[PDB]
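Q: Below are the structure tokens for one structure; questions will follow.
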Amino acid sequence: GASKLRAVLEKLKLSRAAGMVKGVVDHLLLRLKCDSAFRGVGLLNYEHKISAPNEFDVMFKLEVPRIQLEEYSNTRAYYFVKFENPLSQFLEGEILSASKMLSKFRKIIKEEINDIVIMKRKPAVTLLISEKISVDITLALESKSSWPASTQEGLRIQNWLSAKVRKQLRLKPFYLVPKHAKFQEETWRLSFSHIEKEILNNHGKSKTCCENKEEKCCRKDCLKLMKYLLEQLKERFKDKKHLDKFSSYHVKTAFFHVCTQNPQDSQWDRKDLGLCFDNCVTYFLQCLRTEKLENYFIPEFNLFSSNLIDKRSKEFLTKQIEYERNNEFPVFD
Amino acid sequence: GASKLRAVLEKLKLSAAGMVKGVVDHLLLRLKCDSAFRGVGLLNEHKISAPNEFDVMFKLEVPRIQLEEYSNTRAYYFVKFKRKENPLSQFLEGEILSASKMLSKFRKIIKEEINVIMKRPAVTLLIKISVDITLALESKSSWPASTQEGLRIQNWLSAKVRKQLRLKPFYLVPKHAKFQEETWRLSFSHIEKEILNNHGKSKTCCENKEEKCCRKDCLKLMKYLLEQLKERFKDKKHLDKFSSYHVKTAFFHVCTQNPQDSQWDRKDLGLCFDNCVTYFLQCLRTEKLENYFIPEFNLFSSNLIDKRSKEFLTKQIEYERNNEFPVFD
Ligand SMILES: Nc1ccc(-c2cc(Cl)c(Cl)c3[nH]c4c(c23)CN(C(=O)CO)CC4)cn1
Ligand SMILES: Nc1ccc(-c2cc(Cl)c(Cl)c3[nH]c4c(c23)CN(C(=O)CO)CC4)cn1
Ligand SMILES: [Zn+2]
Ligand SMILES: [Zn+2]
């Protein structure tokens, strides 16, 4: 089965500015560290749409020392940030205003790019560098406290990456990105992009997974192909609105759930790529049909609930993906 | 038999920290008041047969140091500084940091807050419970060039883990180069601890019944064997220079030789321990035991331990192994 799949991954590697990204990113951080409010800003981890090699994605982190999170209305993912506080200008009463902080952030960046690069209208900010390279800059608060209680039952990697690794990972900070909920516009959602990267690049039960020939697995390739399938289908139907609400994050979440379900490295041997990918697709399909895709870190938050994505969009994606899988994925070509 | 080793391990498990933690926390609270030891803190410990004897390390970060290796001894160094903003200005003997002066002030502050004895490179306090405090400089720079070929865990714990570990800081404890009196010796106690408590090729090593290994038990038994033989022959001087660190280093080498968890199945404790002993014996006979982090530093050289001492320990261990280890009774 895997012949066309391996061809796809070969072209995908072939395709992959970063320097041009690093220049302006470090310049922006240089100026942002001059402000009293963004003094502790810094790069969180360049990152990527697998099919868009010129679309970059960076995250600026800013530690907020001693914070009081207040969960917003039983939504397990959205919070208010309550608290010499260098964010004094951004408070609106007792909660921190994402709108004000973001407006400042964008203003500093807009003034700093006009010295060199266009900033698009409201990912907090999107810069377009010379009609070819684009960079989405996201601002996130960093908290070095223990994780919120809604993550208590998430990150169930104990049988895969081990309970020891889970404890070490949960000792790391967590992040908060502004996102309006429903739309309450001063709420923040949790971010674990650092943990996701760690999980994906250190992904085997064996510490030497993918480091020698006897232990080559196909986890990363399965995730690559899943993201590519979704990106290609989103392009093919961009003029309708069906696939608009689907993102690489849904596919990455489903992939992590599959990793939990298949924790042994031998279930991911490279020679079985064909079936492994099939299984991955199938699991994603199941998540679509049952309208259930729990956040990997907050299991009570369903990314596929009918309040976030309607049934018609899910059924459309299901029909498209089933056609592709029945026809040796013509969309890849 | 193997059941004898299991009996030893069970008796060991039957075996204060609450007190040690209280005391040590008080000492650190008061030491951070002093200007020179403002950045002092705990790093992360036991003599397996002496559960009431504790070993604590007090780390102190030194932001931007220059290391000058002492006379091609790849483990001992002079600590100099880079370009009165150095809070250790009180301790320079010219341009090199003086271990003697720093240790004098260390013992002096400890001896100004305790007023439990302070027996006179550690500082020994009692509480019928004893605690040895070792002061260590912390450097967050990359590791010295002598460690480049050490920590050969690539086929065991992975090259990824080796890179991650080498990104962590390293430590320097005062120790005479036997002598010249102001040299510092490399220390990687943190890394040793981490690779001992996270020791399998599988991340889930020892977290389920299917993956119970016997690495930790093998190290425990070797340490116990050395301690019991040192007590047995304390009247002679032959075993004075052997320590649990030699045992731990040989054990780490064995883990490098045997990287697969299936080579450490708990069911084979008896053979695993045997092989451990055997490797240690080989190290004794050939007088070669490389530091696990600095391969060119030979812990078993004749300039450090004489051949007669090694031969005596060799014969005593061979006796024990040939007689089902009576020193474990
Ligand atoms: N409507 C939604 C969908 C999902 C979440 C969401 C929730 C949590 Cl708890 C985490 Cl950790 C999340 N990470 C990401 C998302 C997310 C969604 N997302 C983006 O919005 C990117 O712009 C990707 C990255 C919240 N609201
Ligand atoms: N004569 C000796 C013996 C060995 C080393 C030695 C050398 C290095 Cl590079 C490291 Cl990392 C070391 N760690 C330890 C030692 C050691 C020796 N040691 C003690 O001195 C305990 O007080 C145990 C802990 C240097 N000189
Ligand atoms: Zn792998
Ligand atoms: Zn184990």
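Simple scheme: letters A, B, ... for chains in structure tokens order, numbers from 1 for residues in each chain, numbers from 1 for ligands in the order shown.
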Within 10 Å of ligand 3, counting only C-alpha atoms and all ligand atoms, which protein or nucleic acid residues do you find, written as a PyMOL selection string?
A: chain A and resi 200-212+215-221+264-266+268-270
Q: Hey, which residues sit close to ligand 4? Say within 7 Å, counting only C-alpha atoms and all ligand atoms, and write them as a list in words.
A: residues 199, 200, 205, 206, 211, 212, 213, 214 and 215 of chain B
Q: How would the residues just picked look written out with N, CA, C and O atoms as a short mmCIF file (atom, residue, chain, number, x, y, z; two decimals), in the first residue's frame?
A:
data_model
loop_
_atom_site.label_atom_id
_atom_site.label_comp_id
_atom_site.auth_asym_id
_atom_site.auth_seq_id
_atom_site.Cartn_x
_atom_site.Cartn_y
_atom_site.Cartn_z
N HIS B 199 16.64 4.48 34.15
CA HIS B 199 17.74 3.63 33.65
C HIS B 199 17.50 2.66 32.50
O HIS B 199 18.47 2.02 32.07
N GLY B 200 16.27 2.48 32.06
CA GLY B 200 16.01 1.49 31.04
C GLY B 200 16.05 2.07 29.64
O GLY B 200 16.00 3.28 29.45
N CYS B 205 10.42 1.19 31.83
CA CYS B 205 11.21 0.19 32.60
C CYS B 205 10.84 0.25 34.07
O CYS B 205 10.94 1.34 34.65
N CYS B 206 10.40 -0.87 34.64
CA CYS B 206 10.09 -0.98 36.10
C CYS B 206 8.77 -0.28 36.47
O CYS B 206 8.53 -0.11 37.67
N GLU B 211 7.95 -5.38 32.66
CA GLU B 211 9.22 -4.70 32.45
C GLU B 211 9.99 -4.46 33.75
O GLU B 211 10.67 -3.44 33.89
N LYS B 212 9.89 -5.37 34.71
CA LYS B 212 10.73 -5.26 35.91
C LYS B 212 12.15 -5.69 35.57
O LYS B 212 12.38 -6.82 35.12
N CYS B 213 13.09 -4.77 35.79
CA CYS B 213 14.52 -5.09 35.59
C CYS B 213 15.20 -5.14 36.96
O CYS B 213 14.53 -4.84 37.95
N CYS B 214 16.48 -5.46 36.99
CA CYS B 214 17.22 -5.61 38.24
C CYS B 214 18.48 -4.75 38.27
O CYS B 214 19.45 -5.08 38.96
N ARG B 215 18.49 -3.65 37.52
CA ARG B 215 19.66 -2.77 37.49
C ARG B 215 19.94 -2.17 38.87
O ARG B 215 21.05 -2.30 39.41
#
Q: Can you list, as a CSV table (one decimal) with C-alpha atoms, in the first residue's frame, every protein, DNA or RNA residue that comes within 8 Å of stretch 297-314 of chain B when you count only C-alpha atoms, leaving out same-chain residues fewer than 5 positions away?
A:
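Listing of part-v2.csv after writing:
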chain,number,residue,atom,x,y,z
B,73,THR,CA,44.8,15.9,34.9
B,74,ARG,CA,41.5,16.1,33.0
B,75,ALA,CA,39.4,16.1,36.3
B,238,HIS,CA,44.0,-2.3,51.9
B,239,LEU,CA,40.4,-1.4,51.3
B,241,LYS,CA,40.8,3.7,49.1
B,246,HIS,CA,34.1,3.0,42.1
B,281,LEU,CA,37.0,-7.8,39.1
B,283,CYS,CA,38.7,-3.6,36.3
B,284,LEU,CA,40.7,-4.5,39.5
B,285,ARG,CA,43.0,-6.9,37.7
B,287,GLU,CA,43.9,-1.6,37.0
B,288,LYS,CA,41.6,0.3,34.6
B,289,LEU,CA,38.4,2.0,35.6
B,290,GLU,CA,37.7,5.1,33.5
B,291,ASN,CA,35.6,7.8,35.0
Q: Residues near residue A:60, anyone? I mean within 9 Å using only C-alpha atoms, not counting same-chain ones fewer than 3 positions away, as an NGL selection string.
A: :A and (29 or 41-45 or 137-141)
Q: Could you write those residues out with N, CA, C and O atoms, as a PDB file, in the first residue's frame?
A:
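again_20.pdb written:
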ATOM      1  N   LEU A  29      11.520  41.218  19.019  1.00  0.00           N
ATOM      2  CA  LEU A  29      11.770  40.950  20.435  1.00  0.00           C
ATOM      3  C   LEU A  29      12.694  41.985  21.055  1.00  0.00           C
ATOM      4  O   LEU A  29      12.492  42.384  22.208  1.00  0.00           O
ATOM      5  N   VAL A  41       9.288  39.133  27.625  1.00  0.00           N
ATOM      6  CA  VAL A  41       8.882  38.417  26.423  1.00  0.00           C
ATOM      7  C   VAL A  41      10.065  37.630  25.869  1.00  0.00           C
ATOM      8  O   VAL A  41      11.236  37.977  26.081  1.00  0.00           O
ATOM      9  N   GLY A  42       9.756  36.541  25.178  1.00  0.00           N
ATOM     10  CA  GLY A  42      10.795  35.747  24.547  1.00  0.00           C
ATOM     11  C   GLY A  42      10.196  34.662  23.683  1.00  0.00           C
ATOM     12  O   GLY A  42       9.005  34.358  23.774  1.00  0.00           O
ATOM     13  N   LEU A  43      11.042  34.082  22.835  1.00  0.00           N
ATOM     14  CA  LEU A  43      10.596  32.965  22.013  1.00  0.00           C
ATOM     15  C   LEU A  43      10.193  31.796  22.900  1.00  0.00           C
ATOM     16  O   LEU A  43      10.923  31.422  23.822  1.00  0.00           O
ATOM     17  N   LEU A  44       9.015  31.229  22.638  1.00  0.00           N
ATOM     18  CA  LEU A  44       8.586  30.057  23.396  1.00  0.00           C
ATOM     19  C   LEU A  44       9.464  28.855  23.071  1.00  0.00           C
ATOM     20  O   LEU A  44      10.192  28.346  23.932  1.00  0.00           O
ATOM     21  N   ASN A  45       9.419  28.393  21.829  1.00  0.00           N
ATOM     22  CA  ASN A  45      10.235  27.259  21.418  1.00  0.00           C
ATOM     23  C   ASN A  45      11.538  27.731  20.788  1.00  0.00           C
ATOM     24  O   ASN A  45      12.336  28.414  21.431  1.00  0.00           O
ATOM     25  N   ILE A 137       2.419  35.492  14.388  1.00  0.00           N
ATOM     26  CA  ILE A 137       2.969  35.685  15.721  1.00  0.00           C
ATOM     27  C   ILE A 137       1.818  35.619  16.714  1.00  0.00           C
ATOM     28  O   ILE A 137       0.857  36.401  16.625  1.00  0.00           O
ATOM     29  N   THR A 138       1.918  34.678  17.648  1.00  0.00           N
ATOM     30  CA  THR A 138       0.959  34.488  18.726  1.00  0.00           C
ATOM     31  C   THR A 138       1.607  34.884  20.047  1.00  0.00           C
ATOM     32  O   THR A 138       2.753  34.516  20.322  1.00  0.00           O
ATOM     33  N   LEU A 139       0.879  35.647  20.857  1.00  0.00           N
ATOM     34  CA  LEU A 139       1.337  36.042  22.182  1.00  0.00           C
ATOM     35  C   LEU A 139       0.675  35.155  23.229  1.00  0.00           C
ATOM     36  O   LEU A 139      -0.535  34.920  23.171  1.00  0.00           O
ATOM     37  N   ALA A 140       1.465  34.671  24.184  1.00  0.00           N
ATOM     38  CA  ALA A 140       0.955  33.768  25.207  1.00  0.00           C
ATOM     39  C   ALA A 140       1.536  34.129  26.563  1.00  0.00           C
ATOM     40  O   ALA A 140       2.734  34.399  26.685  1.00  0.00           O
ATOM     41  N   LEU A 141       0.676  34.139  27.576  1.00  0.00           N
ATOM     42  CA  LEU A 141       1.146  34.243  28.950  1.00  0.00           C
ATOM     43  C   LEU A 141       1.724  32.910  29.397  1.00  0.00           C
ATOM     44  O   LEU A 141       1.199  31.845  29.062  1.00  0.00           O
TER      45      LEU A 141
END
Q: Residues at most 12 Å from residue A:179, counting only C-alpha atoms, excluding those fewer than 4 positions away in the same chain, as a PDB file with N, CA, C and O atoms, in the first residue's frame?
A:
ATOM      1  N   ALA A  77     -11.789  24.848  29.263  1.00  0.00           N
ATOM      2  CA  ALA A  77     -10.627  25.345  28.538  1.00  0.00           C
ATOM      3  C   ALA A  77     -10.448  26.855  28.592  1.00  0.00           C
ATOM      4  O   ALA A  77      -9.349  27.335  28.300  1.00  0.00           O
ATOM      5  N   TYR A  78     -11.479  27.612  28.954  1.00  0.00           N
ATOM      6  CA  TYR A  78     -11.435  29.068  28.914  1.00  0.00           C
ATOM      7  C   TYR A  78     -11.393  29.643  30.324  1.00  0.00           C
ATOM      8  O   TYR A  78     -12.089  29.159  31.223  1.00  0.00           O
ATOM      9  N   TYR A  79     -10.575  30.679  30.512  1.00  0.00           N
ATOM     10  CA  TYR A  79     -10.349  31.252  31.832  1.00  0.00           C
ATOM     11  C   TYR A  79     -10.254  32.769  31.746  1.00  0.00           C
ATOM     12  O   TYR A  79      -9.985  33.342  30.687  1.00  0.00           O
ATOM     13  N   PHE A  80     -10.484  33.410  32.889  1.00  0.00           N
ATOM     14  CA  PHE A  80     -10.103  34.793  33.131  1.00  0.00           C
ATOM     15  C   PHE A  80      -8.801  34.813  33.919  1.00  0.00           C
ATOM     16  O   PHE A  80      -8.598  33.995  34.826  1.00  0.00           O
ATOM     17  N   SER A  97      -7.070  42.337  30.573  1.00  0.00           N
ATOM     18  CA  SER A  97      -7.776  42.480  29.307  1.00  0.00           C
ATOM     19  C   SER A  97      -6.898  41.984  28.166  1.00  0.00           C
ATOM     20  O   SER A  97      -5.838  42.560  27.895  1.00  0.00           O
ATOM     21  N   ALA A  98      -7.343  40.916  27.500  1.00  0.00           N
ATOM     22  CA  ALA A  98      -6.626  40.424  26.331  1.00  0.00           C
ATOM     23  C   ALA A  98      -6.673  41.434  25.196  1.00  0.00           C
ATOM     24  O   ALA A  98      -5.697  41.584  24.455  1.00  0.00           O
ATOM     25  N   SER A  99      -7.799  42.136  25.042  1.00  0.00           N
ATOM     26  CA  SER A  99      -7.927  43.092  23.946  1.00  0.00           C
ATOM     27  C   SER A  99      -6.907  44.220  24.075  1.00  0.00           C
ATOM     28  O   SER A  99      -6.229  44.569  23.104  1.00  0.00           O
ATOM     29  N   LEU A 102      -3.285  42.886  23.592  1.00  0.00           N
ATOM     30  CA  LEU A 102      -3.086  42.592  22.180  1.00  0.00           C
ATOM     31  C   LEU A 102      -2.945  43.867  21.364  1.00  0.00           C
ATOM     32  O   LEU A 102      -2.114  43.939  20.454  1.00  0.00           O
ATOM     33  N   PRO A 123      -3.932  33.537  16.320  1.00  0.00           N
ATOM     34  CA  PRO A 123      -2.821  34.328  15.780  1.00  0.00           C
ATOM     35  C   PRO A 123      -3.041  35.823  15.964  1.00  0.00           C
ATOM     36  O   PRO A 123      -3.806  36.435  15.218  1.00  0.00           O
ATOM     37  N   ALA A 124      -2.363  36.398  16.959  1.00  0.00           N
ATOM     38  CA  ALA A 124      -2.534  37.816  17.251  1.00  0.00           C
ATOM     39  C   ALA A 124      -2.167  38.676  16.050  1.00  0.00           C
ATOM     40  O   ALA A 124      -2.926  39.566  15.654  1.00  0.00           O
ATOM     41  N   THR A 138       1.918  34.678  17.648  1.00  0.00           N
ATOM     42  CA  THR A 138       0.959  34.488  18.726  1.00  0.00           C
ATOM     43  C   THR A 138       1.607  34.884  20.047  1.00  0.00           C
ATOM     44  O   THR A 138       2.753  34.516  20.322  1.00  0.00           O
ATOM     45  N   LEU A 139       0.879  35.647  20.857  1.00  0.00           N
ATOM     46  CA  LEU A 139       1.337  36.042  22.182  1.00  0.00           C
ATOM     47  C   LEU A 139       0.675  35.155  23.229  1.00  0.00           C
ATOM     48  O   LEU A 139      -0.535  34.920  23.171  1.00  0.00           O
ATOM     49  N   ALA A 140       1.465  34.671  24.184  1.00  0.00           N
ATOM     50  CA  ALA A 140       0.955  33.768  25.207  1.00  0.00           C
ATOM     51  C   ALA A 140       1.536  34.129  26.563  1.00  0.00           C
ATOM     52  O   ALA A 140       2.734  34.399  26.685  1.00  0.00           O
ATOM     53  N   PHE A 183     -19.808  36.524  22.195  1.00  0.00           N
ATOM     54  CA  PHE A 183     -18.569  35.774  22.536  1.00  0.00           C
ATOM     55  C   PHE A 183     -17.752  36.556  23.571  1.00  0.00           C
ATOM     56  O   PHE A 183     -17.183  37.601  23.214  1.00  0.00           O
ATOM     57  N   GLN A 184     -17.680  36.059  24.810  1.00  0.00           N
ATOM     58  CA  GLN A 184     -16.857  36.732  25.850  1.00  0.00           C
ATOM     59  C   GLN A 184     -15.471  36.979  25.248  1.00  0.00           C
ATOM     60  O   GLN A 184     -14.837  35.990  24.850  1.00  0.00           O
ATOM     61  N   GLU A 185     -15.003  38.228  25.234  1.00  0.00           N
ATOM     62  CA  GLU A 185     -13.746  38.542  24.513  1.00  0.00           C
ATOM     63  C   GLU A 185     -12.572  38.851  25.448  1.00  0.00           C
ATOM     64  O   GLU A 185     -11.570  39.387  24.944  1.00  0.00           O
ATOM     65  N   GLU A 186     -12.666  38.516  26.734  1.00  0.00           N
ATOM     66  CA  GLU A 186     -11.501  38.734  27.634  1.00  0.00           C
ATOM     67  C   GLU A 186     -11.064  37.388  28.220  1.00  0.00           C
ATOM     68  O   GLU A 186     -10.484  37.373  29.320  1.00  0.00           O
ATOM     69  N   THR A 187     -11.335  36.308  27.496  1.00  0.00           N
ATOM     70  CA  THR A 187     -10.995  34.983  27.987  1.00  0.00           C
ATOM     71  C   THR A 187      -9.734  34.462  27.310  1.00  0.00           C
ATOM     72  O   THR A 187      -9.379  34.864  26.199  1.00  0.00           O
ATOM     73  N   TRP A 188      -9.057  33.552  28.002  1.00  0.00           N
ATOM     74  CA  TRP A 188      -7.861  32.901  27.496  1.00  0.00           C
ATOM     75  C   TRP A 188      -8.065  31.393  27.509  1.00  0.00           C
ATOM     76  O   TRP A 188      -8.737  30.851  28.390  1.00  0.00           O
ATOM     77  N   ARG A 189      -7.484  30.723  26.522  1.00  0.00           N
ATOM     78  CA  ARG A 189      -7.506  29.274  26.443  1.00  0.00           C
ATOM     79  C   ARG A 189      -6.111  28.725  26.705  1.00  0.00           C
ATOM     80  O   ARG A 189      -5.100  29.372  26.412  1.00  0.00           O
ATOM     81  N   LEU A 190      -6.070  27.519  27.261  1.00  0.00           N
ATOM     82  CA  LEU A 190      -4.799  26.890  27.577  1.00  0.00           C
ATOM     83  C   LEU A 190      -4.026  26.565  26.303  1.00  0.00           C
ATOM     84  O   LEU A 190      -4.600  26.322  25.242  1.00  0.00           O
ATOM     85  N   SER A 191      -2.703  26.570  26.423  1.00  0.00           N
ATOM     86  CA  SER A 191      -1.794  26.190  25.355  1.00  0.00           C
ATOM     87  C   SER A 191      -0.697  25.298  25.922  1.00  0.00           C
ATOM     88  O   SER A 191      -0.116  25.586  26.986  1.00  0.00           O
TER      89      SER A 191
END
Q: Among the residues of stretch 139-280 of chain A, find those DSSP assigns to alpha helix (DSSP H) from the backbone and print them as a ChimeraX atom specification.
A: /A:163-170,193-201,219-236,248-261,273-280
Q: Taking only C-alpha atoms and all ligand atoms into account, report as a short mmCIF file (atom, residue, chain, number, x, y, z; two decimals) with N, CA and C atoms, in the first residue's frame which residues have an atom no farther than 10 Å from an atom of ligand 1.
A:
data_model
loop_
_atom_site.label_atom_id
_atom_site.label_comp_id
_atom_site.auth_asym_id
_atom_site.auth_seq_id
_atom_site.Cartn_x
_atom_site.Cartn_y
_atom_site.Cartn_z
N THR A 75 -16.83 25.89 31.14
CA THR A 75 -15.99 25.52 30.02
C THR A 75 -14.60 25.21 30.56
N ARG A 76 -14.14 23.97 30.38
CA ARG A 76 -12.91 23.54 31.02
C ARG A 76 -11.66 24.12 30.38
N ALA A 77 -11.79 24.85 29.26
CA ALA A 77 -10.63 25.35 28.54
C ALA A 77 -10.45 26.86 28.59
N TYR A 78 -11.48 27.61 28.95
CA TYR A 78 -11.43 29.07 28.91
C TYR A 78 -11.39 29.64 30.32
N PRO A 123 -3.93 33.54 16.32
CA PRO A 123 -2.82 34.33 15.78
C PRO A 123 -3.04 35.82 15.96
N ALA A 124 -2.36 36.40 16.96
CA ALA A 124 -2.53 37.82 17.25
C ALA A 124 -2.17 38.68 16.05
N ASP A 136 2.89 34.14 11.29
CA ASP A 136 1.88 34.34 12.32
C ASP A 136 2.57 34.38 13.68
N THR A 138 1.92 34.68 17.65
CA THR A 138 0.96 34.49 18.73
C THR A 138 1.61 34.88 20.05
N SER A 150 -8.57 21.09 35.31
CA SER A 150 -9.22 20.47 34.16
C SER A 150 -8.27 19.63 33.32
N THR A 151 -6.97 19.68 33.58
CA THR A 151 -6.00 18.82 32.92
C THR A 151 -5.66 17.59 33.74
N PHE A 174 2.71 26.08 31.85
CA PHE A 174 1.65 26.04 30.85
C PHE A 174 1.44 27.44 30.30
N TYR A 175 0.69 27.54 29.20
CA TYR A 175 0.58 28.82 28.53
C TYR A 175 -0.88 29.18 28.32
N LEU A 176 -1.13 30.46 28.04
CA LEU A 176 -2.48 30.96 27.84
C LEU A 176 -2.49 31.89 26.64
N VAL A 177 -3.35 31.59 25.68
CA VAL A 177 -3.48 32.37 24.44
C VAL A 177 -4.86 33.03 24.45
N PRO A 178 -4.98 34.29 24.04
CA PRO A 178 -6.32 34.91 23.99
C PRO A 178 -7.20 34.24 22.96
N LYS A 179 -8.44 33.97 23.35
CA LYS A 179 -9.43 33.37 22.45
C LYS A 179 -10.81 33.65 23.02
N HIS A 180 -11.69 34.24 22.21
CA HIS A 180 -13.03 34.54 22.67
C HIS A 180 -13.89 33.28 22.66
N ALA A 181 -14.78 33.19 23.65
CA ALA A 181 -15.53 31.97 23.90
C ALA A 181 -17.03 32.22 23.75
N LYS A 182 -17.74 31.17 23.33
CA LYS A 182 -19.19 31.18 23.21
C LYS A 182 -19.71 29.80 22.86
N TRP A 188 -9.06 33.55 28.00
CA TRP A 188 -7.86 32.90 27.50
C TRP A 188 -8.06 31.39 27.51
N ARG A 189 -7.48 30.72 26.52
CA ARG A 189 -7.51 29.27 26.44
C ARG A 189 -6.11 28.72 26.71
N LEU A 190 -6.07 27.52 27.26
CA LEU A 190 -4.80 26.89 27.58
C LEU A 190 -4.03 26.57 26.30
N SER A 191 -2.70 26.57 26.42
CA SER A 191 -1.79 26.19 25.36
C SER A 191 -0.70 25.30 25.92
N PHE A 192 -0.44 24.21 25.18
CA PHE A 192 0.52 23.16 25.52
C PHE A 192 1.37 22.81 24.31
N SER A 193 1.57 23.77 23.41
CA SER A 193 2.32 23.51 22.18
C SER A 193 3.71 22.96 22.48
N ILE A 195 4.53 20.98 25.04
CA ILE A 195 4.35 19.57 25.36
C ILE A 195 4.04 18.77 24.10
N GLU A 196 3.24 19.33 23.19
CA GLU A 196 2.92 18.62 21.96
C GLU A 196 4.18 18.36 21.14
N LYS A 245 -13.75 25.10 9.48
CA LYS A 245 -13.51 25.00 10.91
C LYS A 245 -12.56 23.87 11.29
N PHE A 246 -12.10 23.08 10.33
CA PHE A 246 -11.15 22.01 10.60
C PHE A 246 -9.73 22.52 10.47
N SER A 247 -8.85 22.05 11.35
CA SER A 247 -7.48 22.53 11.41
C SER A 247 -6.54 21.36 11.65
N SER A 248 -5.25 21.63 11.44
CA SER A 248 -4.21 20.66 11.76
C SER A 248 -4.24 20.25 13.23
N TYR A 249 -4.82 21.08 14.10
CA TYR A 249 -4.86 20.73 15.51
C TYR A 249 -5.81 19.57 15.78
N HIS A 250 -6.95 19.51 15.09
CA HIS A 250 -7.84 18.36 15.24
C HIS A 250 -7.13 17.07 14.85
N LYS A 252 -3.87 16.52 14.76
CA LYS A 252 -2.81 16.22 15.72
C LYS A 252 -3.39 15.62 17.00
N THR A 253 -4.54 16.12 17.45
CA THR A 253 -5.20 15.58 18.63
C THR A 253 -5.60 14.12 18.42
N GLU A 294 -12.00 14.56 22.16
CA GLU A 294 -11.58 15.24 23.38
C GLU A 294 -10.22 15.89 23.17
N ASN A 295 -10.06 17.08 23.75
CA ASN A 295 -8.74 17.68 23.84
C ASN A 295 -7.81 16.74 24.60
N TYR A 296 -6.59 16.57 24.07
CA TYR A 296 -5.67 15.60 24.65
C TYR A 296 -5.26 15.98 26.06
N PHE A 297 -5.32 17.26 26.41
CA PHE A 297 -4.94 17.72 27.74
C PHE A 297 -6.13 17.98 28.65
N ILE A 298 -7.27 18.36 28.09
CA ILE A 298 -8.50 18.57 28.84
C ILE A 298 -9.58 17.67 28.26
N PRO A 299 -9.70 16.45 28.78
CA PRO A 299 -10.59 15.45 28.16
C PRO A 299 -12.06 15.84 28.17
N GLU A 300 -12.47 16.75 29.05
CA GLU A 300 -13.86 17.17 29.09
C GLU A 300 -14.19 18.22 28.04
N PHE A 301 -13.21 18.68 27.26
CA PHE A 301 -13.43 19.66 26.20
C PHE A 301 -13.43 18.92 24.86
N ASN A 302 -14.59 18.88 24.21
CA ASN A 302 -14.79 18.12 22.98
C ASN A 302 -14.61 19.05 21.78
N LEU A 303 -13.50 18.89 21.06
CA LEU A 303 -13.23 19.71 19.89
C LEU A 303 -14.24 19.49 18.78
N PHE A 304 -14.93 18.35 18.77
CA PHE A 304 -15.86 18.00 17.71
C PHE A 304 -17.32 18.13 18.14
N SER A 305 -17.59 18.86 19.22
CA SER A 305 -18.96 19.03 19.67
C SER A 305 -19.76 19.85 18.66
N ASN A 307 -21.57 22.27 19.05
CA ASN A 307 -21.52 23.70 19.29
C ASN A 307 -20.32 24.36 18.63
N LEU A 308 -19.27 23.59 18.33
CA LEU A 308 -18.10 24.11 17.63
C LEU A 308 -18.12 23.80 16.14
N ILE A 309 -18.56 22.61 15.74
CA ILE A 309 -18.62 22.21 14.34
C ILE A 309 -19.96 21.54 14.10
#
Q: Which residues, written as a list in words, have at least one atom at most 10 Å from residue A:106, with only C-alpha atoms counted and residues fewer than 5 positions away on the same chain left out?
A: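 Near residue A:106, the qualifying residues are residues 100, 101, 111, 112, 119, 122, 124, 125, 126 and 137 of chain A.
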Q: List as a ChimeraX atom specification the protein and nucleic acid residues lying within 6 Å of ligand 2, with only C-alpha atoms and all ligand atoms counted.
A: /B:75,186-188,245,294,299
Q: Would you mind listing, as a list in words, all residues of chain B that have at least one atom within 10 Å of chain A, where only C-alpha atoms are what counts?
A: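 In the required form, that comes to residues 154, 155, 156, 157, 158, 159, 160, 161, 197, 198, 200, 201, 202, 203, 204, 205, 207 and 208 of chain B.
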Q: Skip residue B:327 itself and residues of its chain fewer than 3 positions away, then list as a compact mmCIF listing (two decimals) with N, CA, C and O atoms, in the first residue's frame all residues within 9 Å of it, counting only C-alpha atoms.
A:
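For reference, part.txt as written:
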# COMPACT_ATOMS: atom_id res chain seq x y z
N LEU B 225 28.20 -5.22 49.11
CA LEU B 225 29.35 -6.11 49.15
C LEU B 225 30.62 -5.34 49.49
O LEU B 225 31.39 -5.75 50.37
N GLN B 228 30.50 -4.15 53.20
CA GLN B 228 30.69 -5.25 54.15
C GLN B 228 32.14 -5.72 54.15
O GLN B 228 32.68 -6.06 55.21
N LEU B 229 32.79 -5.75 52.99
CA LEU B 229 34.19 -6.16 52.97
C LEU B 229 35.10 -5.10 53.58
O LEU B 229 36.10 -5.44 54.22
N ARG B 232 34.69 -5.58 57.20
CA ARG B 232 35.33 -6.83 57.60
C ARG B 232 36.83 -6.66 57.80
O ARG B 232 37.41 -7.20 58.74
N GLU B 320 34.31 -14.61 48.30
CA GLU B 320 32.88 -14.43 48.56
C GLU B 320 32.04 -15.08 47.47
O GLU B 320 31.10 -15.83 47.76
N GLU B 324 29.16 -18.47 47.93
CA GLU B 324 27.78 -18.01 48.03
C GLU B 324 27.64 -16.76 48.90
O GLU B 324 26.61 -16.55 49.53
